[PDB]
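Working notes, beginning with the structure itself.
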Amino acid sequence: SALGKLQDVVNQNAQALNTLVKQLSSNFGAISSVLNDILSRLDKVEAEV
Amino acid sequence: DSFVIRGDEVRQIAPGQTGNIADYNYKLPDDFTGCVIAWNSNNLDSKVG
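Heads up: the sequence lines are chains C and A, in that order. Using the deposited numbering, the final residue of the first sequence is 991, and nothing's skipped along the way. Using the deposited numbering, the final residue of the second sequence is 446, and nothing's skipped along the way.
Put into structure tokens, the structure is as follows:
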């Protein structure tokens with residue numbers, strides 16, 4: 943428990959990288975977050991939007 | 398560019414479309430700059446039998 947200043951630097955970087963990867967699962971309002979799924983469901987002009 | 402098609406296929410004369418006219422007869426590019434003009438011609442292009 944004395945090393946909390948160094949362990950928190952490891953924790954903040956792991957938490958930031960996991961947050962950056964978890965944001966790949968989000969839709970941001972799109973029909974699906976899976977990029978090949980959009981390209982199966984829709985044709986070129988709709989898939990581009 | 399000028400030609401005759403049936404009314405239901407007019408939707409295929411647009412950028413990024415698919416179906417037998419877009420695929421096998423007349424394909425527009427996705428970055429098409431232009432106008433598509435169409436009118437029903439059943440009073441000229443059509444015959445009994």
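Even for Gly, the Cβ is constructed at its ideal location relative to N, Cα and C.
Name the two residues that bound the continuous alpha helix (DSSP H) containing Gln954 (chain C).
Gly946 to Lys964
Please report whether the beta-carbon of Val991 (chain C) lies at a distance below 7 Å from any beta-carbon of chain A.
no
Consult DSSP for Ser975 (chain C) and reduce its assignment to one of helix, strand or coil.
coil
Closest to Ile418 (chain A) by C-alpha separation, out of A:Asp405, A:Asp427 and A:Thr430, would be which residue?
A:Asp405
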